[PDB]
Structures are given as structure tokens and as C-alpha cells.
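Engineer: Below you will find the structure I want to go over with you.
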Amino acid sequence: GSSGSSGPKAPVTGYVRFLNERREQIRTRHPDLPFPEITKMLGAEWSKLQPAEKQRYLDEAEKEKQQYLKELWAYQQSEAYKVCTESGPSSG
């Protein structure tokens with residue numbers, strides 16, 4: 001399999017991060033509930049979350065983010081980025 005395309009794979013925010021893992025929990029229980037049927041349920045939880053989990057989740061999406069960030073510019077601005085099987089601009 002191949003991952004990553006047209007730049008770094010934008011990581012899920014802190015609000016979605018929790019929904020990502022949870023999404024599975026539901027699927028197991030309601031294997032019939034579609035996409036726009038499972039998320040609608042989790043959402044409610046996010047609001048009924050604790051002052052320790054909700055806050056953390058948001059933080060967990062901070063450290064990781066950085067990684068992606070650098071994978072957006074640190075890459076775009078690199079010899080490998082310019083150097084390619086193309087033709088045209090050649091030192092004038």
C-alpha cells in the first residue's frame with residue numbers, strides 16, 4: 001500500500017482524534033449504522049467528556065501536528081522537490 005499524497009497527510013484534529021478511535025467502538029456494537037449515523041452519536045459524548053480527557057485529546061493533537069507541519073514545508077523546500085523528470089528552467 002501507498003500512503004501520503006500531494007504533501008503531508010493532514011492529521012486529525014483533537015476533536016476528531018477521539019472520534020477516530022471511538023468510531024471503531026461503535027462499529028462493533030452497531031455494525032449496521034452508517035457513517036453519518038455513528039459520528040452523530042459520538043459527537044454527543046465529546047460534550048459529555050471529562051475536563052481531563054477532552055483537554056488532553058486537544059493536546060495530543062498538538063505534538064503530533066508539528067510532525068506533519070514540517071512534512072509540509074521542510075519537504076516542499078528541498079532539492080528533491082525541485083529536481084524531477086521535468087525540463088525547462090536550466091540555469092537560464
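Chains: A, B, ... in order of the C-alpha cells. Residues: from 1 per chain. Ligands: from 1, in order shown.
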Which of chain A counts as helix (DSSP H, G or I) under DSSP, as a PyMOL selection string please?
Structural biologist: chain A and resi 14-29+35-47+53-76+79-82
Engineer: For residue 19 in chain A, work out the shell of residues within 10 Å, counting only C-alpha atoms and skipping chain neighbours fewer than 3 positions away, then give it as a PyMOL selection string.
Structural biologist: chain A and resi 12-16+22-25+38-39+41-43+45-46
Engineer: Let me make sure I understand: among A:17, A:1, A:80, A:7, which one has the smallest atom-to-atom distance to residue 61 in chain A if we use only C-alpha atoms?
Structural biologist: A:17
Engineer: Mind pulling up the distance from CA of residue 57 in chain A to CA of residue 18 in chain A?
Structural biologist: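 Taking CA of residue 18 in chain A as the start and CA of residue 57 in chain A as the end point, the length is 6.6 Å.
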Engineer: Excluding residue 66 in chain A and residues on its chain fewer than 6 positions from it, collect all residues at most 12 Å away from it, counting only C-alpha atoms, and give them as a VMD selection string.
Structural biologist: chain A and resid 8 10 to 11 59 to 60 72 to 74
Engineer: Write the residues of the preceding selection, restricted to C-alpha atoms, as a JSON list (two decimals), in the first residue's frame.
Structural biologist:
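Result file is out.json:
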[["chain", "number", "residue", "atom", "x", "y", "z"],
["A", 8, "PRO", "CA", 1.86, 15.52, 4.21],
["A", 10, "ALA", "CA", -3.10, 16.32, 7.39],
["A", 11, "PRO", "CA", -3.57, 14.70, 10.83],
["A", 59, "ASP", "CA", -3.14, 18.43, 23.41],
["A", 60, "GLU", "CA", -2.45, 15.02, 21.86],
["A", 72, "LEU", "CA", 4.60, 20.26, 4.61],
["A", 73, "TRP", "CA", 7.30, 22.90, 4.18],
["A", 74, "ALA", "CA", 10.52, 21.14, 5.19]]
Engineer: What does the structure give for the distance between CA of residue 56 in chain A and CA of residue 44 in chain A, in Å to one decimal?
Structural biologist: 17.7 Å
Engineer: One decimal, Å: what's the distance from CA of residue 3 in chain A over to CA of residue 69 in chain A, could you say?
Structural biologist: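 Between CA of residue 3 in chain A and CA of residue 69 in chain A the gap works out to 16.5 Å.
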